[PDB]
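**Q** For reference, the structure I am asking about is given below.
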Amino acid sequence: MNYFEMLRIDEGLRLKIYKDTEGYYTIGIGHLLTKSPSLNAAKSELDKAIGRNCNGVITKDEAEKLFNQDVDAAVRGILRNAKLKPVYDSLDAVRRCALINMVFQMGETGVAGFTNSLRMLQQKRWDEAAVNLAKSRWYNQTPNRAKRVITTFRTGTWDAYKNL
């Protein structure tokens, strides 16, 4: 299992504009379009993102393309970020996927503020980290997805996604 499949599970696939858990206009596999309330602003962003008049609808291939771009961005964001890079470098390949997942979901910026957890992760205090991660708005808002990522950091296996 890799970070692409993991995110495909957590985000779903939706071919028509929809609102995400925060009420923002999204399309595809968790591709945020605009935090603006206008359906018009969204469709506009959408069209600029795809390079065609989509009228609020995209194909599977278009969704997968957006997805690869967003994944690449999360990865490149971790590697460029002074707080995130050292953690990521310290992790094994499975836990690396978990960090990527957080970054895709909440942005570089958001993840970089979980200072305490990042430090635990680097020190490989898995249990302590799992506990600190859970005390967040993130966990309270999207508890099932957050448990899945937290278990991945805790055990270093794909158990939480093998169910699914």
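Just so you know, all these numbers are worked out from the coordinates, no wet-lab data involved.
**Q** Can you work out ³J(HN,Hα) from phi for every residue in region 151-164, in order, using Karplus 6.51 cos²θ - 1.76 cosθ + 1.60 and θ = phi - 60°, giving whole Hz and x for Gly and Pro?
**A** In residue order, the calculated couplings are 4, 4, 5, 5, 9, x, 10, 9, 3, 5, 10, 7, 4, 5 Hz.
**Q** Between the helical axis of 93-112 and the dominant principal axis of the chain, each derived from Cα atoms, what acute angle in degrees is found, rounded to the nearest 10?
**A** Long axis of 93-112 versus the principal axis of the chain: about 60 degrees.
**Q** P(r) for region 2-81, please, calculated from all Cα pair distances in 10 Å bins and given in %.
**A** Final binned percentages: 18, 51, 27, 3.
**Q** Let me ask another. So what is the diffusion coefficient of region 65-114 in µm² per second by Stokes-Einstein at 10 °C and 1.306 mPa s, using a Kirkwood Rh over Cα pairs?
**A** So the translational diffusion coefficient is about 149 µm²/s.
**Q** Would you please give the residues with an amide H less than 5 Å from that of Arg14, counting only those at least 5 places away or on a separate chain, with H modeled from the backbone geometry?
**A** Under 5 Å from the amide H of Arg14: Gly28, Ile29, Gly30.
**Q** Please report the orientation-averaged projected area of region 110-164, defined via the convex hull of its C-alpha atoms, in nm².
**A** Mean projected area of the Cα convex hull: 3.7 nm².
**Q** Next up: Determine one quarter of the surface area of the Cα convex hull of the chain, which equals its mean projected area, and express it in nm² to one decimal.
**A** 9.2 nm²
**Q** Which of the residue pairs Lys16/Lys65; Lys43/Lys147; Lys19/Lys48; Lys43/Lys162 have a Cα-Cα distance greater than 24 Å in the structure shown?
**A** Correct reply: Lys43/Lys147; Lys43/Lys162.
**Q** So what is the calculated 222 nm ellipticity per residue for the chain, using -39500 (n - 2.57) for each DSSP H run with n of 4 or more, over all residues, to the nearest 500 deg cm²/dmol?
**A** -19500 deg cm²/dmol
**Q** Assuming 0.36 nm per residue, please report the length gained on full extension of the stretch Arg119 to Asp92 beyond their Cα-Cα distance.
**A** 8.2 nm
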